[PDB]
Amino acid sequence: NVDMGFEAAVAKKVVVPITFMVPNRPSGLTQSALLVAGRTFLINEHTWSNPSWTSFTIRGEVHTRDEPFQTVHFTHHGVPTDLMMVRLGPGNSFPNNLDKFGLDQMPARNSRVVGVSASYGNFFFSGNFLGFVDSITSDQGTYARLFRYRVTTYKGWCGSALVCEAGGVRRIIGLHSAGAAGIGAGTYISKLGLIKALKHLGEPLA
């Protein structure tokens, strides 16, 4: 059987556009973000820690850099991952998407990864699971705890959710980080990691 229900739910409830403004580019640069629960979302650390942006819009809400953001950075054995959780101030609640994240088993090589993106309209991308990697090093530095997939991607697609399959269950276990030469890389997401981050940020649901 082929079933698109889980992907459609991720597109409907989880993945949303996020646009970051820097002085002299008021139109901003849009990518994707993942709504987790309450007022917390997942975003690439590379995007968030960039010192250039002065504001961003998510869910049609404009947020300036001086807002008192609570954030959690995910590391692995101390090595940075390209994953951050951000809690906005009080406001309209996000859906509770926590049950859409996490696999207890590892996807097989050449199982299908489905990316769910809101980075230029809503769209899907998909390719073979190529395996986990302890870390990837670019000219700009080192990120830990990723997995790769065989699909051509564009850096604007950062933040797209990565749905994988293991032991007959399909869930989000990744957020798209980068890609080159037809091979994309996404940062791994664990359910317990999310629970820890949510409690640190003060969210009641976990």
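For every residue, the number given is its place in the sequence shown, counted from 1.
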Checklist entry - Between 51-59 and 177-185, which has the higher average C-alpha B-factor in the PDB entry? => result 51-59
Next on the checklist: Highest mean C-alpha temperature factor of the two stretches 139-147 and 30-38, which is it?
Outcome noted: 139-147
Checklist entry - Among 80, 102, 89, 127, which residue carries the highest C-alpha B-factor recorded in the PDB entry? => result 89
Checklist outcome for this item: residue 160: C-alpha B-factor third of its chain, per the entry, is the lowest
Next on the checklist: Please place residue 65 in the lowest, middle or highest third of its chain according to the CA B-factor in the PDB entry.
Outcome noted: highest
Item to check | residue 21 - Cα temperature factor, lowest/middle/highest third of chain | outcome: highest
Item to check | CA B-factor placement of residue 116, once the chain's modelled residues are sorted into thirds | outcome: lowest
Item to check | Chain-relative CA temperature factor third for residue 106 | outcome: highest
